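The chain that follows stands alone, in the form deposited in one PDB entry, written as structure tokens.
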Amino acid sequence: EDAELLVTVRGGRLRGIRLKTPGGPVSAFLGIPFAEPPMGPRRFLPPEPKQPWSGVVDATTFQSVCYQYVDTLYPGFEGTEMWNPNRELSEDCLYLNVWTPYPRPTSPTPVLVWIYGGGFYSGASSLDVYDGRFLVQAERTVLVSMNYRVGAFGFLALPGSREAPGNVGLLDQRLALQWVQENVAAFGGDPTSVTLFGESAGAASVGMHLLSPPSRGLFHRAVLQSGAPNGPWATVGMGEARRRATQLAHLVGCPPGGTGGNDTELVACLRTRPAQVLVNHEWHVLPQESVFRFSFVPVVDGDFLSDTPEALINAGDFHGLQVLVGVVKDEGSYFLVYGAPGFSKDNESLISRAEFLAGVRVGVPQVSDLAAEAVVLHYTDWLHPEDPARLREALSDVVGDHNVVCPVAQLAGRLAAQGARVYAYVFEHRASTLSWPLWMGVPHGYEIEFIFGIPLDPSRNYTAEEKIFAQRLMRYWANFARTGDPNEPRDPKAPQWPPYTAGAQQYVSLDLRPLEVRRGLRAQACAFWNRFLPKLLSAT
């Protein structure tokens, strides 16, 4: 009844809310504080645990969105506005949400924990597309999602310093995972069966938690959707992080004219600026014209990450770990309208050969001219070297392979070969409701609405076929959370999903059709990025 909407955790008491689905109600607890508000002197600092509270905290609505840039490339457009903040911006933003079935499970239930993406500069657990009511109702799992600091507030780093150590946004997620260990049982959740899953920068975050010992003990399985910690955008070096932090300070008048610039004076002036002032100059610190590059991302400082993600992946022992990874069919098309010449969401973007060669430098920033020539060689159809439609898809492949597909395939191979049981997919269904143009195909991030069962929302215009498809994917994800295996444990009727191995490299297609097994996640193109191109740059 209404008694299940009242729960006591270690910090105090909560009152949740009942949410409706076509198949039955679920109990939600939205806006649970898990940290002290990182404000004033606590800006740029690691999070502190939320101190216990008196009375009943209201947990019936989502809390504030962490301060972040708001996309304005296409005002009023659903394809961009769906990722923008849908609550008020505030630095008081470290809250998490818990969905649990109705009636509350009497047996400990496996827990899914969602980490949203957004290039480490944006995102919120309150987005409509992350609504966990349908996944929890259909599969009777427990779902948790948290907010974490993005942009300068989460990843501004002056390495070696104590006022701005960096990676505090990743520490926000870790504290939320520690909160799950200590409190998810009160909601009927099993803290010994916790499955991480995230998309884009959230998938990279999941990967970085795999490679950080203090976080590895807080979960047991991982799902990386369209992202990996070894991507060229997910990390930066200490020197580059220091340069970006210093230029942001310069752009907001820090330090004042006539003042020294050691790390303590720099962060002190930085903490006096309004949060919106820092956001308004975030993009002006990138070193080049680029797409798929973000200003403040996790830093390789030796603390949260002992080494580079690439080094820790190669030297890692992953025995006893189950991972589910995958990509969408058109990973790069979304990012081309954000800087690549000749591209527009409101036309066919039939680019010229000259625009393609210029776009390669924007899609692959800061590589030698010879490196770009190697990219042009592999991604040109030399029987149709100037066909605009082929050049449009080629540049989409350049950006997608370089940033997502090949970093993911590299991670998946090393994981399977070093003890982990791995499953791989490629998402190939384009939503009937998709507002982005047709030439973008299945863009980055548009499998999420199907994983979360959004087609089940009666207020939306999805097809009957898409609803069955969403239930299939929810079963896959929940089966993996329960058993580490997406296949139905006692259903041999359905085509089986074989594990991914470094040799066979098997993955399955996810669309309206039944499962189909394929081999190689762009093995030819990814050999160029993962094997030859590094050798080309070391020889300059």
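All residue numbers refer to positions in the sequence shown, first residue = 1.
Separately, the form solved in complex with a small molecule exists; it is not shown, and the next lines address it.
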Report summary line: Per contact check vs the small molecule in the bound PDB entry (non-hydrogen atom within 4.5 angstroms), the hit among 135-143, 408-416, 290-298, 373-381 is 290-298
Query raised in the report: Is there any non-hydrogen atom of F427 lying within 4.5 Å of the small molecule in the bound PDB entry?
Result: no
Query raised in the report: Given that the partner is absent here, does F62 sit within 4.5 Å of the small molecule in the bound PDB entry, heavy atoms only?
Result: no
Query raised in the report: Quick one: is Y121 in contact with the small molecule in the bound PDB entry, heavy atoms, 4.5 Å cut-off?
Result: yes
Requested in this report: Check whether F452 has any heavy atom within 4.5 Å of a heavy atom of the small molecule in the bound PDB entry, and answer yes or no.
Outcome: no
Query raised in the report: Quick check: do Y69, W283 and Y338 each get a heavy atom within 4.5 Å of the small molecule in the bound PDB entry?
Result: yes
